[PDB]
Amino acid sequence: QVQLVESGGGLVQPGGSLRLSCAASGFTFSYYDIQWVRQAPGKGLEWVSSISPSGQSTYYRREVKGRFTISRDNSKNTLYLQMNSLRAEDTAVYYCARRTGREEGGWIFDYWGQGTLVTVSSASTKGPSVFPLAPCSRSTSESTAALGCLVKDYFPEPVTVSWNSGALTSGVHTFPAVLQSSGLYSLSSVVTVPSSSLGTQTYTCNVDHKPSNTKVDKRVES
């Protein structure tokens, strides 16, 4: 099985720098022209850099040329991309992909890496306030019920949210990242269970906004 995985970025102050590190096995890496393709927030895919299956050939994007540097470690089956002089606009999710169009065909993108988020923000990291939201009526009378976790103030955008350690699945909706007047981001994680099962499962959301090195668990009580 082909397993391309773009390792990790985050949030760097404008003009900073940050090394990205895609990684793949399940195919002989030394045979293909692996390459990076950044993706704006809502916009489309935009190929950024490309390295040959040898290492002796680098091809850059019009603007990125001279700021980001693509590298390959085909001994340790690894792909890297180091940023420098990061402009504001480069806030994208950087995917990596193998490019074998074979002899017949130029450059098709066979498999795409998970794609990590690299943000260029003037602003600084902010830990998330987790408030437990639930209703005024324990006995709703409607056998369908709902409760959540308002993940109030965070930054940058990546924040893992699930329930019951990862057991609650049927009903779990994790709302998209919402920008605020302040500038902080917010998300609400909700789950739809029965009204009867108020105390049959301890409804506990597990919040984890990895950038601020935080982890916050909350059993939605009262």
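Note that residue numbering begins at 1 and tracks the sequence as displayed.
When the mean C-alpha temperature factors of 154 to 162 and 48 to 56 are read from the deposited coordinates, 154 to 162 comes out higher. On average the C-alpha atoms of 202 to 210 have higher B-factors than those of the other stretch, with 18 to 26 and 202 to 210 being the two compared. The residue among 84, 119, 143, 71 whose C-alpha atom has the highest B-factor in the PDB entry is 143. Out of 193, 34, 64, 40, it is 193 whose C-alpha atom has the highest B-factor in the PDB entry. Residue 139: CA B factor in the highest third of modelled residues in this chain (values from the PDB entry).
Sorting the modelled residues of the chain by their CA temperature factor places residue 7 in the middle third. Among the modelled residues of its chain, residue 94 has a C-alpha B-factor that falls in the lowest third according to the deposited record.
Per the PDB record, residue ranking by Cα B-factor puts residue 107 in the highest third of the chain. Per-chain ranking of the deposited C-alpha B factor places residue 129 in the highest third.
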